[PDB]
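Structure first, commentary second.
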Ligand SMILES: Nc1ncnc2c1ncn2[C@@H]1O[C@H](COP(=O)(O)OP(=O)(O)OP(=O)(O)O)[C@@H](O)[C@H]1O
Ligand SMILES: Nc1ncnc2c1ncn2[C@@H]1O[C@H](COP(=O)(O)OP(=O)(O)O)[C@@H](O)[C@H]1O
Ligand SMILES: Nc1ncnc2c1ncn2[C@@H]1O[C@H](COP(=O)(O)OP(=O)(O)O)[C@@H](O)[C@H]1O
Ligand SMILES: [Mg+2]
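Protein chains in written order, with the deposited numbering: chain B, 1 to 477; chain B', 1 to 477; chain A, 10 to 510. A prime marks a further copy of an entry chain.
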């Protein structure tokens, strides 16, 4: 309802220091998490309360520039978390980290607005039902599978996958899928955020005319302070929710980096009066990546086939950032920079890309066996490639020299370039939902078909092309 | 002029804690940077003001032992930075970190004294004119060249180069050069400081009789607190300056370690009430190595062909100490400890020894080409020496086996032992200003002359000696 | 801000509402008293006539970052209000000049009293104002343009270890705008804003003068935050030049801004905060190390016709420590910018200059930048080298393998001598189309290399001496012609036997 007591819910800013504005209320102390309203402004300055410091004073985490703020400025107490307009009347449109229309097409006329801080689905809300969902992407689909209400997560540092694969999945998914779609870009580029808009126009997905828009655009990025990159992923989540719950539909949700919910803490913790930790971080990263990620899940009212992305600071998986997150992704894909060199794209690596839906009952006995066998051969492969033979193959032991043909070709078959990379060489955006994955790949490991001039089968996956390439690049006389 | 207000410029020491003495003035608060005078003393105790803490109290960085100081001792406010006697009437003499005569020959009768804290040369004071200056030292001269008003800098940890090369350059330079010379030893040994004196006597440079002294000796070293090692390099700099400016001459300036200006901060920062940083350091190292080094430069009134030395803590170039400094040296020479093993001396390494005066217009097209080609062959050399062949040369690929003769001999040709190392084996102090560098070295890379029994050409550079050594150590029958 | 008649100021300071008397001070973080109505960033005035901006408004002080060394700022100094968030000078006037980093000129060329300022705190536009990066920007560095094409309105990070070429490249990319800054097509122009952060003020005078030699300085604005300058100057500077170009990115016109050493600003940022006692995080960097280099770059955006059609391309320069490009700050900066040209000292001397590590670098924005010209030629170039990193590092020990494979390796060595751009002169895009194009269309190839450079130098003289038409076809059609291909073919083929008996 948002209404205070019969006393001032107005607080006079007592201290501004970067992304933190301490406020002091004399007749109405406003709760942790409450979205506040800076008066004296020339725009919208909501400061989210964060602590209750005493001496009748809160401590808010500022949602936008704190520029020109003044020690004494009146802060307005609303009476509820930052609540965004949730509904159909916000699809196709673009919303910033508060519910303000950023795509410029004016007011978001809505029946109501949901709070961005809500109690997650309880334990008897959950649903074990793990129904499959094909993406038609070699490793990403066959190797480490996905699933309805599942959780995707890609792991690479700066530019190796993530945004690209999120657009890729958008292709193989976002375009064709019942129900709606959401995309909360957190932290990342404004460029991609714009193109993505326009691409979503050029392809209908976002239609400015009729009312045939299935996606919703919640944004909060880089040119902004941390208090906004912190909650943006929340709004794009407060969005997928209402579509599932109050409008029982199987939404999806694209978060261009969900751990941007953490950089926000790496920028607001210590400046809130906290004692640092892992690399500096916060005594919270856990509950954080926790409390939030424990929202984009299914329930006995609807499903959320969410999709996220997690950055890899200093190229260190050893960072409690991509790591702590692992335990949330119902599919893994740690893309190697050391792989990018090799061209192998997507850079999904043959070890650190797990899953919680890869049993012979859903993915397959044959397929999961060859997967195991792919990685098996791949493991002793990782060793042989260096250990024993020492770089240079050939040597002896055709058993592993077999690996040099099998595993090698395997890496290739899995290096699906796909549509999203069209801007570098306009190459055959290979895909196809399984279909003829049978026979082809199976052949390799057993030895069937495998033997064609190594790199002759590099930039293509489907075995059929081996002979269909042998003509392109031949050898004999 | 140095004179206070019509009120006490006397402050009573309120707190001594090691190299920091807080003082408290009641009727004359003395500015940041002001050199102060401890009364009640049995010598000279100048405490340089550093902060203005409030409660009418400064905070000075003590210039010498704080021993026996007492909470209440009167501190005298002079009215100006630590100002040393600058002039001709200080050449040949030896000055400590305040202008006190340390060579013992009594008063430094001078017309005036310059402040050690002065506004550096502005942007329209600068001069692009980069006129060459030969040192006659293989790598150090040919490879990474020098220049008038340039900036030398050597990078090695404890004992690999630096002091030695500073004496070396002193030989090839200091002795013969128009104008004057200065040597501010910072931090480093008192031994070297004494010998250097005496050597400067034995060779005339410093003449105690006539008045034929071209050098000036400003010292502030190890047996002292950090507040002195901090400014000593400044005085030896306040010295080179007045010779260039007010006495328009092309001075030089030898700083036995200029980053000793930084260890001083690593010893006084946090104890001044600062929050640590890189390895602990200071929120200043930057502006420090900055503000100061932005003094030993030329101008539209005179040039300073300065020479400095920068230590490599923990043998880590990765330390923001040798590093941050790089961007100041108009010539690089990171001497490798891993090189010392190999004997290669000076230990100037084939990659990390750059320059800002190595273009074919000043150093040469031929020479810069062979330099590039020396390092080129040297790079794939660094790889081959291990990668591919695996330690043991021979193998195959005479292309790189050529490198094993070329690059190897190259390393030797550049391993100029020179005069300064006379105390280990009295070896041929090779040098010579270019002269016959033509033909000789050029031959190697192309293949001309190269082939003589590897190490047969180790402790000598000039190719002529290859055959001139083949007799010393022969092989055949 | 004003004072009274009765001597030196008379009435002002009397009220801690609009003024404030310094409490403490040291290491340029004047903890000023009073200043009640100060805003959270309104740059203030000390008694010693010195600037500083109120950065930490607090219950019983304002904690100001002092602009420029301490000496004069002292416990009691009266502080005055300049009610205006961190703003600086801008306009066309600043063209052909060099100033510090707060506005005012330095190069003793007199005043540049501007009448159109520009705050630095501006927010990046957005999804809507920005359109698509089209209408590239020619550097003139063959290896760059053809290989790694830069688009207009985008951030292209140029990373490189000490002494690798990060500034020559940026000095050639700026120098190239020569012909256009007096040519016909006004839209085919470019104004540059060269910023320097850290650098010795003589390295900066090496550039101002050097550029001046090619008259480049005539159509460029250069600004400095050189070592002397207290850490804040070295901090406010990028955000100053950003507002320089924004005149152009908001007025049809366009700009090329070079942020020289954001990493050096990295070294120079952590300072200002630590001294403010804002809890340090990773390697000292104040937590918002992101918002430091994001907030900025996010301003060099492409402008749509409905918003201007202008632009601002920004290449942030970064210090590579031995080769690691993934260090905190570099990650921070490569996790934003689109396209990062890596410069490797490790290569350099080998002749491999500019030395760009394909695989650990990209144009990112895609084929959009590279005009039909490069999309006709360069389309193969970069990715040819991508996987090639293997065979180039494998052929050195190859034997009983794919005999003919030699081709894919041969397309590397020969091509190399042409891909290694390096000189104080840019090669116009239609010239790039002359030489490099000849390579992709395997014609030179087989010939024993080395003399290739003789081609990339002579071919040009050969062109302007007897082939002025060909290039014009680029200025007519705007691609390599079926006809012109035949002709260039008839010229490069002759060069095979041009040194072949
Ligand atoms: N095109 C080129 N080809 C070969 N060498 C070059 C070229 N351009 C410049 N050099 C030289 O190589 C070095 C690289 O330029 P520059 O010195 O500015 O590099 P940087 O990476 O910016 O580092 P820093 O300026 O701190 O030294 C210089 O000595 C420069 O003059
Ligand atoms: N499908 C792909 N195929 C090949 N290379 C790719 C692909 N996607 C990205 N890359 C490479 O990665 C670089 C940037 O990584 P990208 O995936 O776009 O980063 P992110 O998605 O984290 O924003 C590209 O510019 C390109 O070299
Ligand atoms: N010219 C030289 N030739 C060979 N070895 C040298 C030379 N100069 C120094 N060394 C070696 O380095 C050791 C100490 O390093 P030195 O250069 O004297 O240290 P620094 O100059 O930093 O004080 C010597 O005792 C010796 O082994
Ligand atoms: Mg440079």
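C-beta: ideal position from N, C-alpha, C; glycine also.
Could you tell me which of the options sits nearest to residue i, measuring between CA atoms?
i                       : options                        : result
residue 127 of chain B  : B/199, B/249, B/104, B/301     : B/301
residue 85 of chain B'  : B'/336, B'/476, B'/18, B'/95   : B'/95
residue 276 of chain A  : A/117, A/251, A/453, A/241     : A/241
residue 263 of chain B' : B'/236, B'/321, B'/177, B'/394 : B'/321
residue 456 of chain A  : A/249, A/502, A/29, A/480      : A/502
residue 179 of chain B' : B'/116, B'/244, B'/233         : B'/244
residue 218 of chain A  : A/194, A/262, A/105, A/182     : A/105
residue 138 of chain B  : B/305, B/90, B/460             : B/460
residue 132 of chain B  : B/197, B/196, B/191, B/361     : B/361
Any heavy atom of ligand 5 closer than 6 Å to the Cβ of residue i?
i                       : result
residue 302 of chain B' : Only ligand 1, ligand 2, ligand 3 and ligand 4 can be found as ligands here, which leaves ligand 5 out of the picture.
Using a Cβ cut-off of 7 Å, pull out every chain B' residue sitting near residue i, in sequence order please.
i                      : result
residue 117 of chain A : 124
In terms of residues, what are the limits of the alpha helix (DSSP H) holding residue i?
i                       : result
residue 322 of chain B  : 322 to 326
residue 146 of chain B' : Residue 146 of chain B' -> no alpha helix (DSSP H), and no H or E assigned at all.
residue 408 of chain B' : 398 to 414
Could you check where the beta strand (DSSP E) with residue i kicks off and where it finishes?
i                      : result
residue 50 of chain B  : 47 to 54
residue 95 of chain B' : 94 to 96
residue 68 of chain A  : Per DSSP, residue 68 of chain A belongs to no beta strand (DSSP E) and is neither H nor E.
residue 76 of chain B' : 74 to 77
residue 470 of chain A : From DSSP, residue 470 of chain A is part of no beta strand (DSSP E) but of the alpha helix (DSSP H) over 461 to 475.
Could you tell me which chain B residues have their CB closer than 7 Å to the CB of residue i, listed as they occur along the chain?
i                      : result
residue 169 of chain A : Chain B residues near residue 169 of chain A: none, gap ~17 Å exceeds 7 Å.
Does the Cβ of residue i have 16 or more other Cβ atoms within 10 Å, making it buried, or fewer, making it exposed?
i                       : result
residue 477 of chain B  : exposed
residue 257 of chain B' : buried
residue 440 of chain A  : buried
residue 433 of chain A  : exposed
residue 215 of chain A  : buried
residue 260 of chain A  : exposed
residue 383 of chain B  : exposed
residue 180 of chain A  : buried
residue 451 of chain B' : exposed
residue 52 of chain B   : exposed
residue 302 of chain A  : buried
Can you pull the chain B' neighbours of residue i, defined as C-beta to C-beta under 9 Å?
i                      : result
residue 210 of chain A : 120, 121, 122, 123, 125, 126, 294, 297
residue 213 of chain A : 123, 126
Tell whether a beta-carbon distance below 7 Å holds between residue i and residue j.
i                       : j                       : result
residue 162 of chain B  : residue 113 of chain B  : no
residue 257 of chain A  : residue 264 of chain A  : yes
residue 323 of chain A  : residue 266 of chain A  : yes
residue 116 of chain A  : residue 124 of chain B' : yes
residue 21 of chain B   : residue 57 of chain B   : no
residue 310 of chain B' : residue 429 of chain B' : no
How would you list, in chain order, the residues of chain B whose beta-carbon sits under 9 Å from the beta-carbon of residue i?
i                      : result
residue 343 of chain A : 157, 158, 159
Please list the partners that residue i has in chain A, where partner means a Cβ-to-Cβ separation under 7 Å.
i                       : result
residue 376 of chain B' : 358, 359, 360
residue 495 of chain B' : In the structure as shown, chain B' starts at 1 and stops at 477, and residue 495 of chain B' therefore has no counterpart that could be examined.
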